[PDB]
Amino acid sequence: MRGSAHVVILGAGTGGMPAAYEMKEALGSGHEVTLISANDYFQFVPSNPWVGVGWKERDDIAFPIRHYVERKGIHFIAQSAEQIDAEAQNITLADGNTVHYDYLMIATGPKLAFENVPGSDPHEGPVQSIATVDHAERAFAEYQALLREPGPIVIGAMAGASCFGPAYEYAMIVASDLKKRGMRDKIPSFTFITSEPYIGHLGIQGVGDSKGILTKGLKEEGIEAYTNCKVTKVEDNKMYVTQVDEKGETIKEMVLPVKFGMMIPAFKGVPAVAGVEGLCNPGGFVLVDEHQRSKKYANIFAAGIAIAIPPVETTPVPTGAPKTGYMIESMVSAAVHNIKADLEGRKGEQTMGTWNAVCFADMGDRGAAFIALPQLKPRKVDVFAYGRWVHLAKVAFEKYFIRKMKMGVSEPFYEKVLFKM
């Protein structure tokens, strides 16, 4: 309402959870902040691959949201938005109810676009998913069924995928956990299929020696690897793979039996957001400016996977650049600062900053991690590291993040630069 704006954050994930906290902190008691989200619980996404192999439980990485935000003055609706009317500024919930907003912050993350590949939905076939704790729990279940009836494994990333790290990570920890169970030997074949033009491309044209290190690792574990692949369909427990050359022309087609597989799907914008006329690109990604404001509606902001970022390269098989934790946080904090400025008179000049990708992967005792920035080469930072410290770092950041998501954040987040000062 007037002189008392109502700000809605849509999606309680890696961007939205902090965004609601930071928004309430910024706007104070004279403004209503509402967080709306499909599930009643927060989950630490980067931990899912480990749930997928049974190295972590749901309760280690997920918690009920309601108590933690409400004690901070935030309203929480554990309900999915089905429809967003940007003219009337009304959101229609699953249950029929309607919620009005003066400002809307979209943090809905990705739709997992299994529809791109018939058969590929985790509920339709043997190709599973580790993107959500629901899916990962399910992936682990099928993994036990593989352990009872050893059969070919296929792990990888589909065409259009943008988040490759986890595919590599999942392939290695499965290998690792097979070995530990002392049952690696029973596996007919272990294949890695990716839409990357080469191993370790990672949708960022490689970082450091990600190519040689990831290549040598898959080899070490006895995993055969194919690049430039699209999967045309999953069917009859078989994966139909088409492999192209640098020009798109086909150079072979395979038919891979799968007893247990996991392919990272392409990400699209969720439907309620994609369905807002004029809001999104053809993928369902919110077209926003440098201040995270939608280009069509001044009172709509967007942060996280939800936003549209232009491609810098066109790969033989379509691939996308990832949107990762640190940059998502800058998107969040900028959007908060820019709405507050609006509520207070000015255009917020705050931006996301320099594009960057930061990713950490834990293999058990040691980890791999990379930092790339900016998006185009030659970069200012281009580092791929492996070691125990990466593992210590992963473990530490999860603990930190889950804790912060419970106690709240003001709060220029990554003050993870006090370990210097």
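In case it trips you up, residue 1 is the first one in the sequence shown, and so on.
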Point to revise | Entry-level comparison of average CA B-factors, 38-46 and 361-369, reporting the higher stretch | key: 361-369
Revision key, fill the gap. Avg C-alpha B-factor, entry values, 139-147 vs 285-293, higher side is 139-147
Exercise for review: Between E329, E344, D134, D85, let me know which has the highest C-alpha B-factor in the entry?
Suggested key: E344
Review point. Whose C-alpha has the highest temperature factor in the PDB entry: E277, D209, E313, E124?
Key: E124
Check your understanding: Considering only modelled residues of the same chain, in which third does the CA B-factor of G222 rank: lowest, middle or highest?
Key -> middle
Revision key, fill the gap. In terms of its chain's C-alpha B-factors, the third that includes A175 is the highest
**Study point:** Chain third (lowest, middle, highest) by recorded CA B-factor, residue given as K268
**Key:** lowest
Review point. Ranked by Cα temperature factor within the chain, is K238 in the lowest third, the middle third or the highest third?
Key: middle
Check your understanding: Going by the entry, which third of its chain does the Cα temperature factor of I213 land in?
Key -> middle
